[PDB]
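# Analysis of the macromolecular model
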Amino acid sequence: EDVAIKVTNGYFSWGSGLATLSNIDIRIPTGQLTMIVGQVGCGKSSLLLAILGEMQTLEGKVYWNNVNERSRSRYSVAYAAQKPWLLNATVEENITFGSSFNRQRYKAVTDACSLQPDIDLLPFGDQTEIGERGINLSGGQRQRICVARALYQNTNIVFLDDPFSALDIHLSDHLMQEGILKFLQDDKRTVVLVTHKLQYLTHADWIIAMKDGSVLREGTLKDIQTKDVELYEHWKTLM
Amino acid sequence: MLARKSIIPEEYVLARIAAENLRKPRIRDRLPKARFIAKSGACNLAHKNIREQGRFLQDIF
Ligand SMILES: COc1ccc(Cl)cc1C(=O)NCCc1ccc(S(=O)(=O)NC(=O)NC2CCCCC2)cc1
Ligand SMILES: Nc1ncnc2c1ncn2[C@@H]1O[C@H](COP(=O)(O)OP(=O)(O)OP(=O)(O)O)[C@@H](O)[C@H]1O
């Protein structure tokens, strides 16, 4: 039903040898905003990747049944890792990423990404060649371009990994939260956001926790805050 | 004879001005719209895959 992924693996680890994703179970709600957040150092990015299918699964069980599901994930999940990747093409071509042009979708995403002054200040606007072997930009700008490209798509499922960590400022993080709320929520696109800042968890349809392994279910915040882990509530509310 | 057989110096030729600044991609070199009948009153299409009916000696006459 709501669960868009299903795993019960005993180990899904990189390379060969001792596991790093040992003994996990997970489920991602449909239309969710699962905020997989934990201590920095173990679990998150590797979990997202191994779910994408780019790790040496040692004890996993095959289960991928979305709404009407299935052959190898059967679909295209947008993505943006902790390091951005850009084509060496125009900003418009970069964002479009091989799709039908749509001034509505593109304009809404440009407004929701707050990159307009950067585009205006470039010598040719969205027609300017970007990326390596081109005009070089700052890390926050590149994060914005990557998340904008991952936004304007045709994929019900979505993924992210620390999209605000390299942002220009926490004010820009609030702006990106507002844009995600305005555009993502208008649709029914499964989003799984990840960020080391715990303040932004509005409408948390699920909360997966990681500390050398999964902690508990992706349940609501209300049941989470008093599920025999009060230190979690203290740490999250205090900061 | 054998101009540039030695082929080491490449992969780092920096982008031209028209490359990085994106002045070259302004092509504006669209082909003209295909007419159906020319201005000279001659129809100009291209029929293809027509089964050739050979020739006849009557054609020489
Ligand atoms: C001219 O060589 C010879 C002279 C004398 C003798 Cl006894 C043997 C040879 C010989 O075995 N030759 C190898 C065959 C050969 C010949 C000439 C040329 S070439 O036309 O001078 N150079 C080019 O074509 N380069 C183009 C452009 C970029 C890469 C693609 C090809 C290229 C290849
Ligand atoms: N692509 C990779 N190949 C091999 N090892 C990796 C790779 N990515 C991470 N690791 C290692 O595996 C361990 C688990 O990484 P994990 O994905 O949990 O990092 P993370 O929690 O996302 O950290 P951060 O969010 O700071 O990047 C880490 O110690 C890391 O050094």
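So, how was this worked out
Residues numbered from 1 in each chain as written, not as in the entry; some residues may be left out. Chains lettered and ligands numbered in written order. Part of a larger assembly, values for the part shown. Heavy atoms only, no water. Residues with missing side-chain atoms left out of burial classes, pairs and counts. Helix = DSSP H or I, 4+ residues; strand = E, 2+ residues; numbered from the N terminus. Rg over C-alpha atoms; globule rule 2.2 N^0.38 Å. Contact = heavy atoms within 4.5 Å. Nonpolar A, V, L, I, M, F, W, Y, C, P; charged D, E, K, R; others polar. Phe/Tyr/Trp six-rings, centres within 6.5 Å; stacked < 30°, edge-to-face > 60°. Axes fitted to C-alpha atoms, helices over the stretch in contact; angles between N-to-C directions. Left-handed = near helix turned anticlockwise from the far one by under 90°.

Its PDB header attributes the entry to cryo-EM and lists the resolution as 3.4 Å.

Check the secondary structure of chain A and you find 8 helices and 6 strands. Across chain A, helices and strands are ordered from the amino to the carboxyl terminus as β-β-β-β-α-β-α-α-α-α-α-β-α-α. By the compact-globule yardstick of 18 Å for 239 residues, chain A fits well, its C-alpha radius of gyration being 19 Å. Overall, chain A is about 55 × 45 × 35 Å in size when its C-alpha atoms are taken along their principal axes.

A separate point is the interface of chain B and chain A. With 7 residues of chain B at the contact, the number on the chain A side is 7 residues. Grouping the amino acids of the side of chain B that touches chain A by side-chain chemistry returns 5 nonpolar, 1 polar and 1 charged.

What follows is about unusual backbone geometry. In terms of backbone geometry, most residues other than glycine have negative phi values and most peptide bonds are trans. Although it is not a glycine, A:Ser73 adopts a positive phi angle of roughly 70°. Within the secondary structure layout, A:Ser73 lies in the loop between β5 (56-57) and α2 (91-96). The phi dihedral of B:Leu2 is positive, around 60°, even though this residue is not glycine. Residue position: B:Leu2 is located in the segment before α1 (17-20).

Residues and elements named next belong to chain A. A ring pair is formed by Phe-101 and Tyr-106, whose centres lie 5.8 Å apart and whose planes are at 55°; its orientation type is tilted. Ring centres of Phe-164 and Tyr-200 lie 5.8 Å apart, and the angle between their planes is 70°; on these two criteria the pair is classed as edge-to-face. One end of the pair, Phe-164, is in the loop between α5 (139-151) and α6 (170-183); the other, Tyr-200, is in the loop between α6 and β6 (209-210), and 36 residues separate them in sequence.

On to the packing of helix α3 (residues 103-113) of chain A against α5(A). Helix-helix packing is characterised by the crossing angle of the two axes and by the distance between the axes. Residue and element names in this part refer to chain A. Relative to each other, α3 and α5 sit at 145°, their axes nearing to 10 Å. Like other packed secondary-structure pairs, α3 and α5 cross with a definite hand, here right-handed. Contact residues: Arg-105, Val-109 and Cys-113 in α3; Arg-144, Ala-148 and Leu-151 in α5. When the residues that make up the contact of α3 with α5 are grouped by side-chain class, the tally is 4 nonpolar, no polar and 2 charged.

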